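In what follows, residues are counted from 1 in the order of the sequence shown.
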Amino acid sequence: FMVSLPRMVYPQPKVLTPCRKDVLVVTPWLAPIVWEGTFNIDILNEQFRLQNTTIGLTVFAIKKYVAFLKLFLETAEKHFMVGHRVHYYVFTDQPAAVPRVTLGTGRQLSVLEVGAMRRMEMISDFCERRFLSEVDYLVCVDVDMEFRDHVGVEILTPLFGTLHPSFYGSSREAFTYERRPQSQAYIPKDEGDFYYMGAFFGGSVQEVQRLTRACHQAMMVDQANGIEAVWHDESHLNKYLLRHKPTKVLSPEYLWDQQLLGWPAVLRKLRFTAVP
Ligand SMILES: O=c1ccn([C@@H]2O[C@H](COP(=O)(O)OP(=O)(O)O)[C@@H](O)[C@H]2O)c(=O)[nH]1
Ligand SMILES: [Mn+2]
């Protein structure tokens, strides 16, 4: 059950003035594409706080990648879901190298030791029961990243993918999908909506487990068939999101590399970015 929103004073949405005219803000299957200017964060924060939403964030930090954790967590504290309950799940081969990062109230961190792309398996079968019990949504990201601006409840939905920053302007034939019919991740040149980046996807616990289960199974089939998809987990993610349309798509504001790609006019904010 969802209670009434309180009285709120904000600018009237205007039907005969689009928010953004420069970009596609809804997919052909009617999923919002999330850009700055498309959402009133006060309205969304109210909706999700009234549901006492808890967001789990998974991150893998194996071998040398433990070095990225301090900046990743410190900036997540500044920018990720502030005001909401957050549970970070850090998967690592070096529990003692996880930095002591100070967390705001309502936020917690769990270190999960793993053996010394396997992310799909670890998210899916091993952590299944726990996630269902502890969080409402799961967000799965790369660790070699930092938050630079707001990343909030505007992203939450049963299933989301993020536009890869190198391909958002590209034709589908240019997308680096797996192109060999022998792979489970195969997508032909006349198919594809977008090229989604493996570094930022998520949704409800149920939908994320479905996705990671499906991708883990497809990867296993490929392995048994002696084939490895061109872009590994990302290739399989793209195949999944082709056949199971996401209910929101995040713009490249949500996964950017300023060193590689600069700061184009179309991006009003750079929210979550590669660390060189
Ligand atoms: O030795 C490694 C390699 C990869 N990773 C994890 O898996 C992601 C692997 O992708 P990587 O960032 O190296 O390449 P990219 O996705 O940027 O092309 C990293 O963010 C880490 O979270 C890791 O922890 N240790
Ligand atoms: Mn990365």
Next on the checklist: I'd like to know whether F194 forms a side chain to side chain contact (heavy atoms under 4.5 Å, CB included) with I33, so could you lay out the CA-CA distance, the side-chain angles of the two residues, the decisive distance to 0.1 Å, and finally the verdict.
Outcome noted: CA-CA 11 Å; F194 307 107; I33 311 178; 4.1 Å; yes

Next on the checklist: Given 3.5 Å as the limit, does a donor-acceptor pair link the side chain of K21 with the main chain of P18, or not?
Outcome noted: no

Item to check | N-O pairing of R172 and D190 below 4.0 Å | outcome: no

Checklist entry - Do you know the tightest heavy-atom contact between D149 and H79? => result O-CB, 3.3 Å

Checklist entry - If we only count heavy atoms from C-beta on, is the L69 to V90 side-chain gap below 4.5 Å? => result yes

Checklist entry - Same cluster or not: are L73 and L57 linked, directly or through other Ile, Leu, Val, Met, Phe, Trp or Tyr residues, by side-chain heavy atoms under 4.5 angstrom apart? => result yes

Checklist outcome for this item: Between the SG atom in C215 and the CD atom in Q184, the distance rounded to the nearest 0.5 Å is 10.5 Å

Checklist outcome for this item: On a heavy-atom basis, the closest approach of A229 and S235 is CB-CB, 3.5 Å

Next on the checklist: Using only atom types and a distance under 3.5 Å, with no angle test, would you say the side chain of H236 pairs donor to acceptor with the backbone of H232?
Outcome noted: yes

Checklist entry - Do other residues, nucleotides or ligands put more than 12 heavy atoms under 6.0 Å from the CZ atom of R119? => result yes

Checklist outcome for this item: Between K63 and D93 the two heavy atoms that sit nearest each other are N-OD1, 3.0 Å

Checklist entry - How are the rings of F272 and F200 set relative to one another: parallel (under 30°), tilted (30 to 60°) or perpendicular (over 60°)? => result perpendicular

Next on the checklist: Less than 4.5 Å apart, side chain to side chain, heavy atoms only: is that true for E234 and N238?
Outcome noted: yes

Checklist entry - Can you name the salt bridge (charged side-chain N to carboxylate O under 4.0 Å, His left out) partners of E207, sequence neighbours left out? => result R210

Next on the checklist: Could you check whether any side-chain heavy atom of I155 comes within less than 4.5 Å of a side-chain heavy atom of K248, counting everything from C-beta outward?
Outcome noted: no

Next on the checklist: Please determine whether residues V205 and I123 belong to a single hydrophobic cluster, defined as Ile, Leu, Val, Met, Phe, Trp and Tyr linked transitively by side-chain heavy-atom distances below 4.5 Å.
Outcome noted: yes

Checklist entry - Does the side chain of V208 come within less than 4.5 Å of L211's, by heavy atoms? => result no

Next on the checklist: With heavy-atom distances below 4.5 Å as the criterion, would you say the side chains of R107 and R85 are in contact?
Outcome noted: no

Next on the checklist: Holding to salt bridge (charged side-chain N to carboxylate O under 4.0 Å, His left out), I want the full list of residues that pass it with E146, two or more places apart in sequence or in another chain.
Outcome noted: none

Checklist entry - Are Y196 and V151 linked, directly or through other ILVMFWY residues, by side chains that come within less than 4.5 angstrom of each other? => result no

Next on the checklist: Keeping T247 on the side-chain end and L159 on the backbone end, is there a donor-acceptor pair under 3.5 Å?
Outcome noted: yes

Checklist entry - Ignoring hydrogens and geometry, is there a side-chain-to-backbone donor-acceptor pair from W35 to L24 under 3.5 Å? => result yes

Next on the checklist: Using side chain to side chain contact (heavy atoms under 4.5 Å, CB included), reason through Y137 and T54 one step at a time and then give a plain yes or no.
Outcome noted: CA-CA 7 Å; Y137 296 90; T54 304; over 6 Å; no

Checklist outcome for this item: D136 meets the side-chain hydrogen bond (donor to acceptor under 3.5 Å, both in side chains) criterion, sequence neighbours left out, with none

Checklist entry - Any side-chain heavy atom of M8 within less than 4.5 Å of one from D42? => result yes

Checklist entry - What's the spacing between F91 CZ and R118 CZ if we round to 0.5 Å? => result 9.5 Å

Item to check | same_hphob_cluster(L250, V139) at 4.5 Å side-chain heavy-atom cutoff | outcome: yes

Next on the checklist: Donor-acceptor pair, distance only, cut-off 3.5 Å: does the side chain of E36 make one with the backbone of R268?
Outcome noted: no

Checklist outcome for this item: Smallest heavy-atom separation, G203 atom then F160 atom, equals N-CE2, 3.6 Å

Checklist entry - Are the side chain of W256 and the backbone of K269 linked by a donor-acceptor contact shorter than 3.5 Å? => result no

Checklist entry - Do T38 and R20 pass the side chain to side chain contact (heavy atoms under 4.5 Å, CB included) test, and can you show the C-alpha distance, the side-chain angles, and the key distance before you say yes or no? => result CA-CA 7 Å; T38 65; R20 300 281 306 257; 4.2 Å; yes

Item to check | Basic-acidic side-chain contact under 4.0 Å: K78, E74 | outcome: no

Item to check | Partner set under side-chain hydrogen bond (donor to acceptor under 3.5 Å, both in side chains) for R179, not counting sequence neighbours | outcome: none

Checklist entry - Which value, rounded to the nearest 0.5 Å, describes the distance between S251 atom OG and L163 atom CG? => result 7.0 Å

Checklist outcome for this item: Value for OG (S183) from CG (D222), rounded to nearest 0.5 Å, stands at 3.5 Å

Item to check | Pairing of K189 and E173 as salt bridge, 4.0 angstrom limit | outcome: no

Checklist outcome for this item: Contacts satisfying salt bridge (charged side-chain N to carboxylate O under 4.0 Å, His left out) that involve residues 249-267 (not counting sequence neighbours) are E253-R271

Checklist entry - Within the side chain of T27, is there an N or O that forms a donor-acceptor pair under 3.5 Å with the backbone of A31? => result yes

Checklist entry - Side chains of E77 and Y88: is there a donor and an acceptor less than 3.5 Å apart? => result yes

Next on the checklist: If you define the side chain from C-beta out and look only at heavy atoms, does anything of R213 sit under 4.5 Å from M120?
Outcome noted: no

Checklist entry - Within a strict 4.5 Å, meaning less than it, do heavy atoms of the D22 and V266 side chains meet? => result yes

Next on the checklist: Checking side-chain polar atoms at under 3.5 Å, does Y177 have a donor or acceptor matched by the opposite partner on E191?
Outcome noted: no

Which donor-acceptor pairs under 3.5 Å do the side chains of residues 43-53 make with protein atoms, sequence neighbours left out?
from, atom 1, to, atom 2, distance (Å)
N45, ND2, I41, O, 3.2
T53, OG1, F48, O, 2.8

Checklist entry - Are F68 and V114 grouped together when hydrophobic residues (ILVMFWY) are joined by side-chain heavy atoms under 4.5 angstrom apart? => result no

Next on the checklist: Testing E134, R130, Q108 one by one against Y89 for a side chain to side chain donor-acceptor pair (under 3.5 Å), which residue passes?
Outcome noted: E134

Checklist outcome for this item: Tightest non-hydrogen contact, residues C127 and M122, listed as SG-O, 3.4 Å

Checklist entry - Considering all heavy atoms of both residues, which atom of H87 and which atom of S110 are nearest to each other, and what is their separation? => result NE2-OG, 2.7 Å

Checklist entry - Using 30° and 60° as the class limits, which term best fits the ring planes of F167 and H164: parallel, tilted or perpendicular? => result perpendicular

Checklist entry - Distance from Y195 atom OH to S170 atom OG, nearest 0.5 Å? => result 11.0 Å

Item to check | Steps toward side chain to side chain contact (heavy atoms under 4.5 Å, CB included) verdict (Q258, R148) | outcome: CA-CA 11 Å; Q258 190 187 10; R148 301 191 20 188; 2.6 Å; yes

Checklist entry - Rounded to the nearest 0.5 Å, how far does CG of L255 lie from CZ of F201? => result 12.0 Å

Checklist entry - Pick one: which of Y65, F147, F80 meets ring-ring contact (aromatic ring centres under 6.0 Å, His included) with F72? => result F147

